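Enquirer: this one's sequence-less:
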Ligand SMILES: Nc1nc2ccc(NC(=O)CCCC(=O)O)cc2[nH]1
Ligand SMILES: Nc1nc2ccc(NC(=O)CCCC(=O)O)cc2[nH]1
């Protein structure tokens, strides 16, 4: 059985720069009929995979000329010229010359754009939820770059720990930014034992750490 | 970051033949100080990994000379001469020249020996279990080769399906055989409705299917 | 116009069997092969198997003892079955149509949406949905979708009418073994008084449909 | 003489933290580096990180934002901690001592037995143990309905080693595990010789010694 090896696993590229991805096979994927059945697929966030390239170097209908496939035998390469926001996602190579066919591990294209500070918002538990016996406080960090962001919860000015979870979105296809939500969860009892709930946010696009808060 | 590619995934070898395992690095693992930090580990069934080779080709104390490492730059090979029963398990390469160090995926060494038929045994549910409401019926196939075996349950000559589960041991380090259990789980009420319980076995080493059974 | 859609049961117990149907439109299964591909959470795409136009199949090495693919050309359906489900088998399962070539496809041109299979002994649960009640000329509002199992939920706004400004976060598994996420949307502050915002949450595995008005 | 032993909590709930202690003997942590390596069920070995003799550390790319390795040289102890655990993190976690070389080890020469971590919201459950009743005779124990892994099985306190086969456990639709352990013995022994399987399930702190009679 063949092994398809793709590097790098993750590939930070600046808008408008070129991207080069490697895909190697453990043996020749040249068929005895003389063709080499190697395809490249792109899977964008929240999408199913799409066919970019077939037979080493042939563009699938509707695939821009910025994308090109080359190589022979065991060593193949995808090149993307003038990378754009929309090119983001995980690329895979796929060998179909020999049974069983296999995908490579994938290479994740991450876009490097200019710094963007988050817009920060905080939300108190809804009344409904409180009357169900639990309090979710949410902090939202909208459309920022880079992904690295620090979020600290403070309850009556005491820094919290172990009582919250974060979710970050996939990088955005239109402007190459992230959004993050940290949710702080508490029993109603604990929630009502306190007054000021604040979310303190550190990010490279902010001048000092920004805090958003409310009094319960 | 480096990728270590090991092939094959699985390597069936005959007792006394040679085994050859490949380990490929996506970039050179020659350090700037001039050493190449590539080691090989064997992990035997139910054991922790053990170091065989370090710095490409140096045997660890106590490792027999049937084992040797060779190679350079990106392409490395472990050769095992005169494979023995005890050499069974999963071999892994390991690159230490570059941060972060990485294991390959592993190559599983399967030993190929002469045909051996299973000794078949059947066990009724214990009384203790019956008095709890469930009836487990166990069929055991002991010390056979090859691994492919067919176990069928029949209840009053009625072929069963989807009410039983198999477990197979790892290959044996002294005799290169497998053992296998098949458990037929039944509610107490469904058990007591029937009389004859039978496990029927088909194997390469058996000249016709062997049935073992009991009356409840 | 070419379509492929997966139909699955969402939640299967360990040891039990998975049955997925691909329903196909705009081409004939008599003239095209279909592949089955899968993707474990956070992990790479895996080729599972294929069913050729004439009805023959081929399978993945790792799964082929538990897999079987069949079809009904007359009904434009293709079936994947798989027994003895493991935790490992939790994945998004895609069917993809073959395109190009003679006896080996040049690629997979059209894919279904994927259907999500979680392998687990836990029981289905529909979400509780709470409002997130509402920057400079801009307002964030959203919905907290809490305590549901298994994935996915679908979230929309104003029955799909409101598309721009939406961020539906990846789910996070809580210590309770239940999932939670939040969908947010940025709106004009000048609209809050005249426009109503209802978030539409759909959890198919539990057959639950919840519409929550998010008021100031 | 060199020994490494991992001590873990067996079952951690999703989103929560792991803390495993490696206790070491026969060498000084002031002189050697130790690695952490892990193995998801059925899967390959993954290097997790290291803590060098001097106290610096390095980490796995995939885990490094949730990982921290520290140690107490005087107590011969190394700690691994990891936060925000996912199902993914279910694995056997080994510590291994560094051997050879100057600033880069030639290899890892001694390893601990490994400790098993299941990331799950379910609760601990001990096994029910039932006999499998017997010139060669098979007898065994059925060890059923336990969560999480592992269980250990021995016969006659470990006196009886030969002809033993303890089977890989299977997960049942109930979300509980089950295995059997069997032993082949002389039929002439069945009247004179006693046969007890000793089952130990450390997550539920349960221990069952069952006597298997004809
Ligand atoms: N989307 C795809 N599904 C498949 C399935 C199988 C493919 N290749 C082969 O079967 C190779 C056959 C080699 C031979 O000619 O014997 C290729 C392929 N591509
Ligand atoms: N068992 C092992 N654990 C480790 C950890 C790190 C290893 N290699 C390096 O740190 C290379 C550093 C390269 C340099 O900076 O000189 C090598 C290694 N082997």
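Expert: Yes, it's here. Numbers count the residues shown, from 1 in each chain, chains lettered A, B, ... in the order given. Ligands and ions are numbered 1, 2, ... in the order given.

Enquirer: tell me which residue of chain C is furthest from the middle?
Expert: Distance from the centre of chain C peaks at residue C:136, with 37.1 Å (Cα atoms, centre = their mean).

Enquirer: residue nearest the centroid of chain A?
Expert: Central residue of chain A (Cα atoms, centre = their mean): residue A:170, 3.5 Å from the mean position.

Enquirer: what's the local residue count around the closest residue to that one other than its chain neighbours?
Expert: Using Cβ to Cβ, 6 or more residues apart in numbering or on different chains and skipping the chain neighbours, the partner closest in space to residue A:170 is residue A:45 (3.6 Å). Just so you know, the C-beta spots here come from the backbone N, C-alpha and C atoms, and that holds for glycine as well. Counted with other Cβ atoms under 10 Å in any protein chain shown, the neighbours of residue A:45 add up to 13.

Enquirer: helix/strand/coil for residue A:45?
Expert: coil (DSSP: H, G, I helix; E, B strand; the rest coil).

Enquirer: test my guess that it contacts residue A:86.
Expert: No: between residue A:45 and residue A:86 there is no contact under Cβ atoms under 8 Å: 11.2 Å.

Enquirer: OK, contacts around the residue nearest to residue A:170?
Expert: When contacts are counted by Cβ atoms under 8 Å, 6 or more residues apart in numbering or on different chains, residue A:45 touches A:88-89, A:170-171, A:173.

Enquirer: which among these end up buried?
Expert: When the contacts of residue A:45 are checked for burial by 16 or more other Cβ atoms under 10 Å in any protein chain shown, the buried set is A:88-89, A:171, A:173.

Enquirer: nearest to residue B:199, of those?
Expert: Within those, the smallest distance to residue B:199 is 51.5 Å, found for residue A:89 (Cβ to Cβ).

Enquirer: number of residues surrounding the residue lying closest to the closest one once chain neighbours are set aside?
Expert: Spatial nearest neighbour of residue A:89, chain neighbours left out: residue A:44 (3.9 Å); criterion: Cβ to Cβ, 6+ apart. Counted with other Cβ under 10 Å, the neighbours of residue A:44 add up to 16.

Enquirer: cool, the one 3 residues further on as well?
Expert: The number of residues packed around residue A:47, counting by other Cβ under 10 Å, is 13.

Enquirer: which ones are touching it?
Expert: Taking Cβ under 8 Å, 6+ apart, we find residue A:47 in contact with residue A:89.

Enquirer: and the chain, split by domain according to the record?
Expert: With no chain named, the answer covers chain A. Here the domain parsing of chain A from curated CATH domains is A:3-113, A:114-216.

Enquirer: if you could check chain C rather than the one you did, that'd help
Expert: Residue ranges for the domains of chain C, per curated CATH domains: C:1-120, C:124-216.

Enquirer: now the ones you listed as TSV including distance to chain B?
Expert: Listed next are the domains of chain C as TSV, based on distance: least, Cβ to the nearest Cβ, whole Å:
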stretch	distance to chain B
domain C:1-120	6
domain C:124-216	22
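
Enquirer: for the residue most central in space within chain C, list each beta-bridge partner.
Expert: For chain C, the residue nearest the mean C-alpha position is residue C:115 (4.0 Å; Cα atoms, centre = their mean). The partner list for residue C:115 in beta bridges (DSSP bridges) reads residue C:93.

Enquirer: shouldn't it be in contact with residue C:80?
Expert: No: using Cβ under 8 Å, residue C:115 is not in contact with residue C:80, being 10.1 Å away.

Enquirer: need the overlap of contacts for the two.
Expert: In contact with both residue C:115 and residue C:80: C:20, C:93, using Cβ under 8 Å, 6+ apart.

Enquirer: before we move on, the earlier item: for residue A:162, find the nearest of the domains of chain C.
Expert: Closest among those, using Cβ to Cβ: domain C:124-216, at 10.6 Å.

Enquirer: hmm, the closest one in reach of chain A?
Expert: Yes: using Cβ under 8 Å from any Cβ of the partner chain, domain C:124-216 comes into contact with chain A via C:128, C:130-133, C:135, C:138, C:140, C:142, C:144, C:146, C:167, C:169-172, C:174, C:180-182, C:184, C:186.

Enquirer: go through those residues and flag which are in helices.
Expert: If you go by DSSP state H, the residues of domain C:124-216 next to chain A have nothing in helices.

Enquirer: which of the residues you listed are buried, as a ChimeraX select command?
Expert: Filtering these down to the buried ones (16+ other Cβ under 10 Å) takes a single ChimeraX command:
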select /C:128,130,131,132,140,142,144,146,167,169,171,172,174,180,181,182,184,186
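
Enquirer: how about the residue nearest to the centre of chain A, secondary structure?
Expert: Classification of residue A:170 by three-state DSSP places it in coil.

Enquirer: ok, now which ones touch it?
Expert: Taking Cβ under 8 Å, 6+ apart as the criterion, residue A:170 is in contact with A:45-46, C:170.

Enquirer: ok, 10 Å please
Expert: For residue A:170, the contact set (Cβ atoms under 10 Å, 6 or more residues apart in numbering or on different chains) comprises A:44-46, A:88-89, A:178-179, C:170.

Enquirer: likewise residue C:64?
Expert: By Cβ under 10 Å, 6+ apart, the neighbours of residue C:64 are A:100, C:48-49, C:57-58.

Enquirer: kindly recompute the last result at 8 Å.
Expert: Here residue C:64 is in contact with residue C:49 (Cβ under 8 Å, 6+ apart).

Enquirer: measure it to residue A:60 for me?
Expert: The gap separating residue C:64 from residue A:60 is 29 Å, by Cβ to Cβ, to the nearest Å.

Enquirer: nearest to chain D: which residue in chain A?
Expert: In chain A, the residue that lies nearest chain D is residue A:165 (5.8 Å; Cβ to the nearest Cβ).

Enquirer: doesn't that residue lie inside a helix?
Expert: No: using three-state DSSP, the secondary structure at residue A:165 is strand, not a helix.

Enquirer: was I right to think it contacts residue A:183?
Expert: Yes: counting by Cβ under 8 Å, residue A:183 is a contact partner of residue A:165 at 5.7 Å.

Enquirer: which among the domains of chain A is found nearest to residue B:77?
Expert: domain A:3-113 (13.3 Å).

Enquirer: quick one: the closest one near ligand 1?
Expert: Yes: part of domain A:3-113 sits close enough to ligand 1 to count as contact by Cβ under 6 Å from any ligand atom, namely A:96, A:98-99, A:101.
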